[PDB]
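# Structure assessment
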Protein chains: 2
Amino acid sequence: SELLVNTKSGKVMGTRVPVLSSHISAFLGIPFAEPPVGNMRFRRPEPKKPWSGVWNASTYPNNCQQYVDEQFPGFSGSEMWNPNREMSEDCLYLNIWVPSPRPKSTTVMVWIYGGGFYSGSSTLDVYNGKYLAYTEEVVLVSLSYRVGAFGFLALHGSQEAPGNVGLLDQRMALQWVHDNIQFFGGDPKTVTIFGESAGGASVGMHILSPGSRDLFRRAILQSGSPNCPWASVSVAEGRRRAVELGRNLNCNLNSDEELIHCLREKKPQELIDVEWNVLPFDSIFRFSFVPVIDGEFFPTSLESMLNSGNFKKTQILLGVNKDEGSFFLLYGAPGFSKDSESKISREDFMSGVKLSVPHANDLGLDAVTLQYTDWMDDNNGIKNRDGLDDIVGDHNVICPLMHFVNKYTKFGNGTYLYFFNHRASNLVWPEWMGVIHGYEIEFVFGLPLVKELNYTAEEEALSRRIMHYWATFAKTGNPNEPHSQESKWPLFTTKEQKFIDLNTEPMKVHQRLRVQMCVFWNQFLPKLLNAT
Amino acid sequence: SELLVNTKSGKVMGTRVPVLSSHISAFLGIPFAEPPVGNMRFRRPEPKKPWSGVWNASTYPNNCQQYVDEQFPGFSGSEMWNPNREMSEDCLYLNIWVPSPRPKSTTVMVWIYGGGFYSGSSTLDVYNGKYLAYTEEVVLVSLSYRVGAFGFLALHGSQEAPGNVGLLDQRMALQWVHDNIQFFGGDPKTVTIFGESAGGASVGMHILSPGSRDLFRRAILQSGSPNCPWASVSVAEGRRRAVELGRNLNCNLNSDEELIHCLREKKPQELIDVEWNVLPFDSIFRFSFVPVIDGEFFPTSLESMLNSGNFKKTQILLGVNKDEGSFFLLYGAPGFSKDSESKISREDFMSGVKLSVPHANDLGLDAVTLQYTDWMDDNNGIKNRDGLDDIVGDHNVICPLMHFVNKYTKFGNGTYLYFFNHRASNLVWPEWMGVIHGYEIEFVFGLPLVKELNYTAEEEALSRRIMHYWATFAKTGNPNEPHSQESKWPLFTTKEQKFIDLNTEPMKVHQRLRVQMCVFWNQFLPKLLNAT
């Protein structure tokens, strides 16, 4: 049967699903690890023990335990990111969408969801891989991994809670794909891992980590890179936060043994209820439990690795959205509201700057403020709001990605850069937020092809182009069709640094994406903070 | 006789001079101080002893001893600034242009020449006051003062060479005007002192100094302010430079007494030949012997004085030229040449930055470079050349003047600001230098009214407007005619900060002259250098 597959872990039974008036096979909720529960909480994952009989893979699995956004109850804009399944620590599963008839050896794409390492689900409607699998004829896989304290609590030196276990979950899933995707018609030697935000950072982390490199062929990074200021912490800061977490739950802190034991006795929601209390600074775009530079998963500092070419050399495709910062300002900066234009005063502007660059001394804050202020019109509410939006996006997403791309490109085999600036016609978020963090995802997964979702004809066209770029890149290492007559997406080189815009207008090639600001965030500010 | 005047110092005989087909009286070379020679070198000036008989004031006096620019022998562009009379330490004289018939009590204007405190002459063709005196019907006076070591060698604590004696020369001349201008038809209660560059800084210094304030009514500052980074030094740096000067001439350095005695035995040219060797840094727009914050002429620091309103409160008219820095780059920065377009490489750009801000540490140099670099086109030779031109002008002239104007305006009785951006059609300097430091002077003194000098009709018109603005301001404290139909030069206020352009086009009012850069030079950079 087309829905029956015998893998190395056992047999699996999928289900037939309708898609754009046709059908494809879906294998949902396939386990790739032993349930990380009880004494296994915080530990590295262990391979799923093979099973007898047939595993029923017709329904989505549970979502990993996580903080749930209740800022706007009932609002689709925010609830579309919340878990849509029961939460459980027993959540290490993967999903596979296979074309019909089942291929023999076709290109594979593995999606790694984002969510700031503190949230995320492989089961969201926006991640439904059936459209992409069907349209581009690829085997689409979406994995899952532990988030929050569950996946990143880090007490370096201890083997009970070493940290980075969430990244190891991802790796274990990639290992399963490498070992079993051939039975689903996928080519294990042609897998492209791709992800957004924390997922994009994760992809970059696997490119860097010696232990992950051999498990995939190519990579795509959307709005995220390994070197993002929020993507990782030192073992010292990791340790400090783990201890403070224990302190919030009145745990014995005399030893790692007692802290870890005390934390493993807590219900999941108990850890989640105090998760945010361990941040060192009053900040925005900063998350509690994230990857840690441990000297194991990451041999040395990310910067030294990028400088010496200590990473997988292959082709990469990556980019960012025009307004990455608006989401974080709406949720935590004074002056911003979902239902107002959020025109910002000078007061709130400087308050926002302090929140956006928490690690900066006064001189640093002044440098940022000057860099983003138009002194011929400093009380312009719209300029202050947009200036703040740019600061958050440049510092947290764009400039770090540009640093990565430039460092990677010196040793890589091919780079393709994009700048997504189309605001969906059916967005429910206010206009001031612009092209929001994460909203290019729906175009990548082809939601605009479904009439009932209410996108325009140009947005369907844009979605098909993007899906085809992504899949052709996954297949060949070049998003462009060899003999196409269509406009060509140029290769990003150290010299020209070309990139293209991604919207419904005719392709436009540019150069040096936000260089002016990035030189500020990547060269000057760091120098200033280190000297003062 | 119209050419005979009996002053408190004695009688003077002037001469009749032709001007634009008419005539006026001229009293040239009137002594206002005892010749500061011999044991008087470096000392404060003493009043000129009254004389019997008639002083022949029909010819220009000698020019004070000074360094002479020989960079372009024969070239009018540079030689028009060199002394046009015999040089001599016996040079403290003043000149007066009086309308005919002689007025009874008319507005007086006293010109104070610039020249970086190391050069300058009251006798240059561009300072011929006959045009302004004649056209606007004002009594025009031009004074002189000691420059270089002769006027600013400073060994604080010593009374033999206290410093600031060049400023005291100016003051003594202003004292003579106050005491005697009534005999020439001038109103001693309506005198406006005005000057360019070091002369403008001087004007600002008299506004600040308690001992000078009562000697004039209003002031005009052209391309210069008291707080300019090159206009003054501490008593410590002054002392240090005086000692190094002595060291260049192999003087006994055991005591001030011996140093001063050794210096007074040197011929003038001996001091001038080594004057430039005492600068602390490899620099541009920095001069050896300048005014010193002595606690006497200047009660406290200039900044504390400006902050507490410790200065003469009256009306002021001031402004700058579009390209103040080009002159200094041509003469001392790598890559610039008089006969080439001077397109600058990245190499020479950063070399120029180091030369322009000598006091800056590496972080400071980086801050400047980033502030003036277009990273989307960093190898653009024209952008680098112009960027450097802007740096020199903003740091040395414009931003310091904007700081002064904003601080002064809080306590003053009326401010009028201008931005001179017309490049004379007959300029001999290359095009890349633009609207050069000092080239608004010829329009202020009305040279464009003389056909033989080859200016256009619009430049004659511009000159008349400017002369009329200057003279009407001198007379009333407002450059505008009460019931004129002409376009009005708005008052600069703390709130609106309005200013006008000065060119051959219809008047255009603007606001916040180069605020973006000035906030960098007046608030940020100083904070950076103090913290690091």
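Higher on the page you've got the structure.
Basis of the calculations
Residues numbered from 1 in each chain as written, not as in the entry; some residues may be left out. Chains lettered and ligands numbered in written order. Heavy atoms only, no water. Residues with missing side-chain atoms left out of burial classes, pairs and counts. Pairing = 2+ DSSP bridges. Helix = DSSP H or I, 4+ residues; strand = E, 2+ residues; numbered from the N terminus. Axes fitted to C-alpha atoms, helices over the stretch in contact; angles between N-to-C directions. Contact = heavy atoms within 4.5 Å. Buried area = accessible area lost by both parts, 1.4 Å probe. Salt bridge = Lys/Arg side-chain N within 4 Å of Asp/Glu carboxyl O. Nonpolar A, V, L, I, M, F, W, Y, C, P; charged D, E, K, R; others polar. Parallel < 35°, antiparallel > 145°, perpendicular 65-115°, else oblique. Least-squares fit on C-alpha atoms. Buried < 20%, exposed > 50% of the residue type's maximum accessible area, 1.4 Å probe, protein only.

The next subject is the sheet that holds strand β7 (residues 106-112) of chain A. All names here are of chain A. Reading across the sheet, the 11 strands line up as β3-β4-β6-β8-β7-β9-β10-β11-β12-β13-β14 and stay open at both edges, with mixed pairing between neighbours. Both outer strands of the open sheet, β3 (15-19) and β14 (509-511), are each paired with one neighbouring strand and no more. Strand after strand, the sheet turns through a mean of 25 degrees between neighbouring axes, direction not considered. In terms of strand pairing, β7 meets strand β9 (residues 186-196) through 6 bridges, oriented parallel. The partner of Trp-111 across the bridge, within β9, is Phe-194.

This part takes up the interface of chain B and chain A. Between chain B and chain A, the contact holds 20 residues from the first and 20 residues from the second. Buried surface at the junction of chain B and chain A, summed over both partners, amounts to about 1800 Å²; 66% is from carbon and sulfur atoms. The three residues of chain B that bury the most area against chain A are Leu370(B), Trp375(B) and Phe524(B), which together make up 30% of that side's buried surface. Inspection of the chain B/chain A interface yields 4 salt bridges. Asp378(A) is the partner of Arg512(B) in a salt bridge, and the nearest nitrogen-oxygen pair spans 2.9 Å. Elements supplying a minimum of two residues to the side of chain B that touches chain A: α13 (362-371) and α17 (515-531) of chain B. Among the elements that take part in the side of chain B that touches chain A, α17(B) stands out by supplying 8 residues, more than any other. In terms of residue class, the side of chain B that touches chain A is built from 11 nonpolar, 3 polar and 6 charged.

Further remarks concern the sheet that holds strand β5 (residues 54-56) of chain B. All names here are of chain B. Pairing within the open sheet is mixed, and its 3 strands lie in the order β1-β2-β5. Only two strands of the sheet have a single partner each, and these edge strands are β1 (4-7) and β5. Put simply, the sheet's adjacent strands are angled 30 degrees from each other on average, direction ignored. Across 4 bridges, β1 lies against strand β2 (residues 10-13) in antiparallel orientation. By the bridge assignment for β2, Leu-4 is matched with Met-13.

Moving on, we come to the packing of helix α12 (residues 346-356) of chain A against helix α14 (residues 381-409) of chain A. Residues and elements named next belong to chain A. Where α12 contacts α14, the two axes come as close as 10 Å, and the packing angle between them is 5 degrees. Judged on the interaxial angle alone, α14 and α12 are roughly parallel. Between α12 and α14, the residues in contact are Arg-346, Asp-348, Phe-349, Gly-352, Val-353 and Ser-356 and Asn-384, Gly-387, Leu-388, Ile-391, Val-392 and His-395, respectively. Looking at side-chain class alone, the contact of α12 with α14 contains 5 nonpolar, 5 polar and 2 charged residues.

This brings us to the relation of the copies chain B and chain A. What relates the pair of chain copies is a rotation about an axis plus a shift along that axis. Each copy superposes on the other: chain B lies on chain A with an RMSD of 0.0 Å after a rotation of 180 degrees and an axial shift of 0.0 Å. Look at the turn and shift together and you get a two-fold axis relating the two. When C-alpha positions in chain B are compared against the rotation axis, the closest is assigned to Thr532(B), at 2.8 Å. Here 100% of the interface residues in chain B have copies in chain A that are interface residues too; the copies meet face to matching face.

This next bit is on the pairing of strand β12 (residues 414-420) of chain B. For a regular strand, side chains alternate in direction, first toward one face of the sheet and then toward the other. All names here are of chain B. Across the 7 residues of β12, 7 count as buried, placing the element largely inside the fold. Alternating positions in β12 separate into two faces, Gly-414, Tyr-416, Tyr-418 and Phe-420 on one and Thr-415, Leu-417 and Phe-419 on the other, with burial throughout. Bridge analysis of strand β11 (residues 315-321) against β12 gives 7 bridges, and the strand direction is parallel. Within β12, the residue paired with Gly-319 across the bridge is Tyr-418. As paired elements, β12 and strand β13 (residues 498-502) share 3 bridges and run parallel to each other. When the bridges of β13 are listed, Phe-419 appears paired with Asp-501.

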